[PDB]
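Data first, discussion second: the structure below is written as structure tokens.
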Number of protein chains: 2
Amino acid sequence: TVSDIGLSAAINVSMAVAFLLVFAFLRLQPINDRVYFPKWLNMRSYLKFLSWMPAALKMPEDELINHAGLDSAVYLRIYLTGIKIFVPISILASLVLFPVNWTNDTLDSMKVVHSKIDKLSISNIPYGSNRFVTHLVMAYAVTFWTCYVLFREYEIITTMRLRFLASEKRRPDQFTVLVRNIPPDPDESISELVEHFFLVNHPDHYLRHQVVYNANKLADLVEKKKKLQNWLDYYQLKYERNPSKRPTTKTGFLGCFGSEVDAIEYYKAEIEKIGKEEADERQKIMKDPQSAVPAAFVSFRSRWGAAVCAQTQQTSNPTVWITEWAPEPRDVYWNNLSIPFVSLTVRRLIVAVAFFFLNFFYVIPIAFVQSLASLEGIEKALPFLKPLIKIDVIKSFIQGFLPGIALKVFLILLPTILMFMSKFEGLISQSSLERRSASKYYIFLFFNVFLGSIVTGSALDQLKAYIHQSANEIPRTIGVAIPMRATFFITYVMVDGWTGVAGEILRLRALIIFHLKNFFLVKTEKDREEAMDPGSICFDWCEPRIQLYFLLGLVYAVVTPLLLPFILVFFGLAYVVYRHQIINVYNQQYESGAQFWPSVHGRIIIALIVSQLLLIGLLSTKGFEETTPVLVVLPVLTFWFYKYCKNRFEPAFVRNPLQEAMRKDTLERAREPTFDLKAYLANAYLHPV
Amino acid sequence: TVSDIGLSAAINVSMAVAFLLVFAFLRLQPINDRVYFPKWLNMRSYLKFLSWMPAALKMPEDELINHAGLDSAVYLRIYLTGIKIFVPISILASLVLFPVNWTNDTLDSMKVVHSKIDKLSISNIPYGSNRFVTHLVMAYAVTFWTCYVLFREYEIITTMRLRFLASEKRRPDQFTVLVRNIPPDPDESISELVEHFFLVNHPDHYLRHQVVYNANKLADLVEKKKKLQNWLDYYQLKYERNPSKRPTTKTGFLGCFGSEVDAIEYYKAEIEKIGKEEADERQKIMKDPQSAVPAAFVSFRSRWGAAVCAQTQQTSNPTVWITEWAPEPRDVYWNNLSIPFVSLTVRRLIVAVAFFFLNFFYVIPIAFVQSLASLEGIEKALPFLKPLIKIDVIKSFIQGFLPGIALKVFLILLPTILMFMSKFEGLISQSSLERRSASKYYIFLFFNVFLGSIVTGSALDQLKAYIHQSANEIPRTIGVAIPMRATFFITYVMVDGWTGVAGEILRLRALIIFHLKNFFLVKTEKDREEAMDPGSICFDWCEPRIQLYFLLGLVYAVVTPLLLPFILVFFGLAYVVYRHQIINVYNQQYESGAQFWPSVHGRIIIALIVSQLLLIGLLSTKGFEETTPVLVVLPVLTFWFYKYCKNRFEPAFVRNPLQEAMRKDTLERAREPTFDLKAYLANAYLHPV
């Protein structure tokens, strides 16, 4: 009815998107498709798309790890490894698809709503003689095999991380740590009291000391200058373009009211007299004792000298001398620093409140989105066909996928606001910010996409019963309420699981930017350099995206086994596209380890628990509570295994062992007899000037 | 009815017990009352008991801490602070006692069961909209003041502990740590691989090394000899007593069949030869290579040298090289050691199963106890008065306190079995064993004394309705079910809160032992030494006892405010008696810190949460859910405060700061310039031979 027509409007677009890829692949000026390599007719129709599809899989793991994205091989464990894990799912689907072929063929009255002879293999006939037995026993293997596979998965991951841990160069991460909340100096000393403590304790050849001053007094204008340079080019570019043909007019309005811009040298004076003077004073200020926030960097002899010390509490109150692992110099978010510790709590509570209100004002969009999808049952009693368009025509009824596509439009703008809020909260490193943001986003979409959707789809479905209806008064709502929502997700997957990924290969956003930059009247001036500034930073959006699909599948796998065939079809294409885009062109620069896989486990395990707890609440209303023993002992053994893993393998992942540290230190000291480590570590964390 | 007569049978015994104390205080031979001091007529009726009652309170805190029980002043922070914390409740009880005098004096039908005009100030009249307002508002101060007081309490405790932390002598606890799960030696090396690892790392002047072999191969015969010495004396008294007057006969059955013993020298030969060779062989065994258990002791320069190292994970797998803080040499439980790590899990699961079955077979005792308490409603329809005894006489009806007293008899023997099971589980130190045992005991009595009692008191009360009864079919059970149980606790407190404590001063158990030892025909041979072997080790029993009383009071404070007057009356005498027993004679030696107070907080906070969750479940079934907003926001703040405390003050209590360590190390090094620390640390942890 709806799924039979929703597959054409998606495949017909995916093919066109894939064809344009091969079309624009053999171009001349747009070399962004392979911008990373130079860092240092039926012939082309049916035999031209295989130029990179089978070649992408020909990269062994060693070659991937030993290439760009040193810490990205573990990221490729969501698609490449995803299929493997999902394999056990397709294998068991190969056996449960027969109950689907042996439960749908049982015809009955089928009075669900109104004589709908469709896919209804879920609740054909209640009180099944010998049919629900398999439906209950399958839950065992549904968990036992996936956990057994995840066990080996986490084992392989830990082994490869430990191996890679012994094949790393000399980075300042293990050397330099960040110590904050130094006691307030008695208005006389700035650093005489800091170093005085690091010498009484284990000296370990205390290296240079860097006192962090108030960031957001000079860093503000530093960023303004980094931006005024682009604006300088935007203002200097008009003086080398307009006058090329003839000086006639300028842009003018460009935002606020006003006729047009006056001159160029006059606009260049704004960043000169008013630009230099303002920057000259604050640059003298940071070389003066105007404001010195209690924050600094500490180092030791080698990695072991800092790993053994940066793990305990120095003082006797957990509010002073907070020692953390400083990230790489490229990941330091120098802007949102020098924040007092007292406010860190407030910014965690106030900003949270504003978030809790967003959920209350973001409920009507779902209703407005879930009100134009399934016409049948809405326009039957109160409303009717409106003029200028006939709804009886199939061309009007096949538009059920329109809201599914329009939903994405109302979802790509809020992540930016969420990121801005998380930045306003204030943290230490961006590696943790990029993870907490996604963590908050997922829990936001959890109580809204899954728990917030059904609650709104049942009320809007039952409150439309006026005359020609059924009982529906007290109890006759929870029976068939979830199966009715699967029709929406079927379309959601086709509009987001197929086009959402295809829309990223073409890069419709940055491509227009490149075309615009191509009209900058520049021959070779930094053309090879500014064209590789934007990257492919999509972790914040991609990480919560896969978990939703995993949750939906794990929940509907036992209810609707007809959805598991339509999920891997896309997972494969996403995996190969990401494999293609990782090695060829990604421009990723944020590696700080792989400390995000346990976060996935503990968040899919709770997802499985949620599914098992929701299963016992629907099929247990038929008759006797004969199914409760299994659905109550399974989640117990589920968390028991989780606890076991958290005790066995988790501590070895987020911590730093001291046995391999000395082992690696011995070799790194026996290879290079010269010290030569205080040179690049002194001027490692500083400002541009 | 029952509480009016239960107070006489308890007070009349407490006075008799207190009088016997003063009687036996001025004795000559029984000097056990003041055995710790020599370690180096209306005149005596109304003016003789005040000889030690007001004097015990005249000991300042400095004198208590600077006396026997260095880590016992914090244990008295239970009765002393208890009353202080109660003071707030008491202060509140004074204001709420008027609502009690203004809610009970309003007479109504009072058809609870059968025209029982008694203390029924709980649910006299329906809502009224003029009385429950105060009952709902009082819950605020019920928690806010106690939390505010506990805040200052935990603050004072932390400060005094940190102060005491800088006034301790040189103990081997901070110096010697226990490292277990050393990798299995390759059948060639015993200790050559230990020092090999500790010399590549931070040397820190690695002190002597002790390899722990299989404990339960020599420890067995060591204990058999320590016991055979007592048996040797028990066999020598046979020759020192019977031949004194005349040799006539000897012992007989003595547990097993047989006429009588044969001779003395023949019984003394058992210890030697067969018992001598056995010990001779295994003593040679421990000196030779037979079984080298992977466990040893590690030391460093000073306390700081070991505190900074014994806090992280050495290896990369959290199953090898487990480093723990070794207790004092007197607390080392050498018997239950050398246990493999693989079994530690099994012993934690199997022994647990056997425990979970005990709860299923320990349910009928409660039912038998609550079968003869309130004969009113039990002997009314099916049973009647039995011959040879008339129940209509008050002398027979006043026996309601008999089961309350008999319950204690069925409760003093199971703690020993629990202790034996906890020992069989296997741990490292006794300081943790003595705490986990009490921890298990409390959770055992929690689901049985409180949750297991009411469930069994309601069923047995509702299943006795045959003819002259009321509805009692579907809903008519939760109305008045908890108020009916208060009568049982009123008697429980008088039979255990008054006599249980008084029964400890006289020491009816060890006193008989002393009288028997007095007939050993010994003039001065170690009489001053063997008479001080038994101590006053009652922490395992006393710690769970107070929490039950606290829980009952905190739960009934809002329901039945008539119980709070009858709890402090005893807490005061318990406190003074414990002060007396701590100052004069306690003979305890298990001090290993004070890391047990947070365990109390986190276990009374959950108790308060349980009370607040049980209140919303009884009075919210009357009508509208107008009380749910308060009873749902209060426990949230309760958890908000608990987490805040856990974040703020808890880490500073269980851990060892590195700031004060160096401070104390500087002084301890500046006072004694000589090293002189390898002497007493070498032969610090060894066997008797």
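Chain labels follow the order of the structure tokens: the first chain is A, the next B, and so on; residue numbering restarts at 1 in every chain, and ligands are counted from 1 in their shown order.
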Chain A residues near chain B (9 Å cut-off, only C-alpha atoms) as a VMD selection string: chain A and resid 162 200 to 201 308 to 309 311 to 319 647 to 649 651 to 653 655 to 660 662
Residue 279 of chain A surroundings by only C-alpha atoms, 12 Å radius, close-in-sequence under 5 positions cut, as a ChimeraX atom specification: /A:217-225,271-274,284-286,689
message: So that I can see what lies close to residue 340 of chain B, please list as a PyMOL selection string the residues with an atom at most 12 Å from it, counting only C-alpha atoms and leaving out residues fewer than 2 positions away in the same chain.
response: chain B and resi 180-182+184+214-215+293-295+319-320+336-338+342-347+425-428
Restricted to C-alpha atoms, what would the selected residues look like written as a compact mmCIF listing (two decimals), in the first residue's frame?
```txt
# COMPACT_ATOMS: atom_id res chain seq x y z
CA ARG B 180 48.95 -11.38 45.08
CA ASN B 181 48.31 -13.30 41.85
CA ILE B 182 51.92 -13.27 40.77
CA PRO B 184 52.78 -18.80 37.62
CA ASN B 214 50.84 -22.55 51.09
CA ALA B 215 49.30 -21.43 54.37
CA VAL B 293 51.97 -19.66 46.50
CA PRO B 294 52.04 -16.53 44.28
CA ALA B 295 51.78 -14.03 47.13
CA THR B 319 43.75 -10.26 37.18
CA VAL B 320 47.50 -10.34 37.96
CA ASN B 336 42.33 -18.39 55.27
CA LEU B 337 45.06 -17.42 52.84
CA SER B 338 46.79 -18.96 49.82
CA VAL B 342 39.72 -18.70 40.43
CA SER B 343 37.85 -20.05 43.45
CA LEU B 344 37.21 -16.59 44.94
CA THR B 345 34.39 -16.16 42.44
CA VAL B 346 32.93 -19.62 43.06
CA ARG B 347 33.07 -19.14 46.82
CA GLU B 425 34.20 -17.47 51.47
CA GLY B 426 37.81 -16.40 51.90
CA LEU B 427 39.13 -12.85 52.19
CA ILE B 428 42.43 -11.10 52.70
```
Show me, as a Markdown table, the residues of segment 525-614 of chain B having an atom within 7 Å of segment 31-52 of chain B, each with the closest atom pair and its distance in Å, using only C-alpha atoms.
```
| residue | atom | partner | partner_atom | distance |
| --- | --- | --- | --- | --- |
| B:532 | CA | B:35 | CA | 6.8 |
| B:584 | CA | B:34 | CA | 5.8 |
| B:585 | CA | B:36 | CA | 5.4 |
```
message: For the structure I just gave you, how does DSSP split segment 166-359 of chain B - specifically, which residues are strand (DSSP E)? Reply as a list in words.
response: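 Answer for segment 166-359 of chain B, restricted to strand (DSSP E): residues 177, 178, 179, 180, 210, 211, 295, 296, 297, 298, 322, 323, 324 and 325 of chain B.
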- prompt: Looking at only C-alpha atoms, which of A:550, A:579, A:424, A:440 is the one that sits closest to residue 356 of chain A?
  reply: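 Counting only C-alpha atoms, the residue closest to residue 356 of chain A is A:440.
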- request: Just the residues within 9 Å of residue 558 of chain A, please, counting only C-alpha atoms, with nothing from its chain fewer than 2 positions along; format it as a ChimeraX atom specification.
  value: /A:135-136,138-139,142,553-556,560-561,615
Keeping only N, CA, C and O atoms, take the residues you just selected and write them out as a PDB file, in the first residue's frame.
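Produced file result_3.pdb, reproduced below:
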```pdb
ATOM      1  N   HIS A 135       8.378 -18.467  19.167  1.00  0.00           N
ATOM      2  CA  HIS A 135       8.531 -17.029  19.349  1.00  0.00           C
ATOM      3  C   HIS A 135       9.129 -16.686  20.701  1.00  0.00           C
ATOM      4  O   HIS A 135       9.777 -15.646  20.849  1.00  0.00           O
ATOM      5  N   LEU A 136       8.919 -17.538  21.696  1.00  0.00           N
ATOM      6  CA  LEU A 136       9.509 -17.325  23.009  1.00  0.00           C
ATOM      7  C   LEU A 136      10.905 -17.915  23.130  1.00  0.00           C
ATOM      8  O   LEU A 136      11.752 -17.344  23.823  1.00  0.00           O
ATOM      9  N   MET A 138      13.112 -18.262  20.702  1.00  0.00           N
ATOM     10  CA  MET A 138      14.077 -17.540  19.880  1.00  0.00           C
ATOM     11  C   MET A 138      14.751 -16.414  20.648  1.00  0.00           C
ATOM     12  O   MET A 138      15.889 -16.049  20.334  1.00  0.00           O
ATOM     13  N   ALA A 139      14.089 -15.885  21.679  1.00  0.00           N
ATOM     14  CA  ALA A 139      14.677 -14.799  22.454  1.00  0.00           C
ATOM     15  C   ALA A 139      15.980 -15.221  23.103  1.00  0.00           C
ATOM     16  O   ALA A 139      16.861 -14.385  23.331  1.00  0.00           O
ATOM     17  N   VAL A 142      18.600 -14.892  20.509  1.00  0.00           N
ATOM     18  CA  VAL A 142      18.657 -13.481  20.145  1.00  0.00           C
ATOM     19  C   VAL A 142      19.699 -12.745  20.965  1.00  0.00           C
ATOM     20  O   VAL A 142      20.323 -11.793  20.480  1.00  0.00           O
ATOM     21  N   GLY A 553      15.938  -2.212  15.157  1.00  0.00           N
ATOM     22  CA  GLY A 553      16.023  -3.578  14.692  1.00  0.00           C
ATOM     23  C   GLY A 553      15.933  -4.590  15.810  1.00  0.00           C
ATOM     24  O   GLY A 553      15.200  -5.575  15.711  1.00  0.00           O
ATOM     25  N   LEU A 554      16.630  -4.334  16.910  1.00  0.00           N
ATOM     26  CA  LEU A 554      16.634  -5.262  18.029  1.00  0.00           C
ATOM     27  C   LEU A 554      15.275  -5.334  18.688  1.00  0.00           C
ATOM     28  O   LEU A 554      14.940  -6.349  19.308  1.00  0.00           O
ATOM     29  N   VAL A 555      14.488  -4.272  18.572  1.00  0.00           N
ATOM     30  CA  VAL A 555      13.152  -4.271  19.149  1.00  0.00           C
ATOM     31  C   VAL A 555      12.155  -4.956  18.227  1.00  0.00           C
ATOM     32  O   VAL A 555      11.319  -5.743  18.681  1.00  0.00           O
ATOM     33  N   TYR A 556      12.221  -4.671  16.928  1.00  0.00           N
ATOM     34  CA  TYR A 556      11.269  -5.233  15.984  1.00  0.00           C
ATOM     35  C   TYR A 556      11.692  -6.588  15.444  1.00  0.00           C
ATOM     36  O   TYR A 556      10.895  -7.235  14.763  1.00  0.00           O
ATOM     37  N   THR A 560       8.443  -7.785  14.436  1.00  0.00           N
ATOM     38  CA  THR A 560       8.293  -7.715  12.986  1.00  0.00           C
ATOM     39  C   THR A 560       9.589  -8.175  12.340  1.00  0.00           C
ATOM     40  O   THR A 560      10.507  -7.367  12.137  1.00  0.00           O
ATOM     41  N   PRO A 561       9.717  -9.450  12.001  1.00  0.00           N
ATOM     42  CA  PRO A 561      10.948  -9.900  11.343  1.00  0.00           C
ATOM     43  C   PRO A 561      11.053  -9.471   9.885  1.00  0.00           C
ATOM     44  O   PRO A 561      11.973  -9.897   9.186  1.00  0.00           O
ATOM     45  N   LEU A 615       8.998  -6.214  25.679  1.00  0.00           N
ATOM     46  CA  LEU A 615       8.354  -7.398  25.127  1.00  0.00           C
ATOM     47  C   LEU A 615       7.419  -8.028  26.134  1.00  0.00           C
ATOM     48  O   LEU A 615       6.287  -8.384  25.802  1.00  0.00           O
TER      49      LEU A 615
END
```
task: Might you pull out every residue within 12 Å of segment 381-384 of chain A, with only C-alpha atoms counted and same-chain residues fewer than 4 positions away left off, and present them as an MDAnalysis selection string?
output: chainID A and resid 375:377 389:392 463:469
- request: May I ask for the distance between atom CA of residue 120 of chain B and atom CA of residue 572 of chain B, given in Å to one decimal place?
  value: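 It comes out at 28.2 Å.
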- request: Would you mind listing what lies within 6 Å of segment 74-89 of chain B as a list in words, with only C-alpha atoms counted and same-chain residues fewer than 3 positions away left out?
  value: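 These residues fall inside the cut-off: residues 92, 93 and 575 of chain B.
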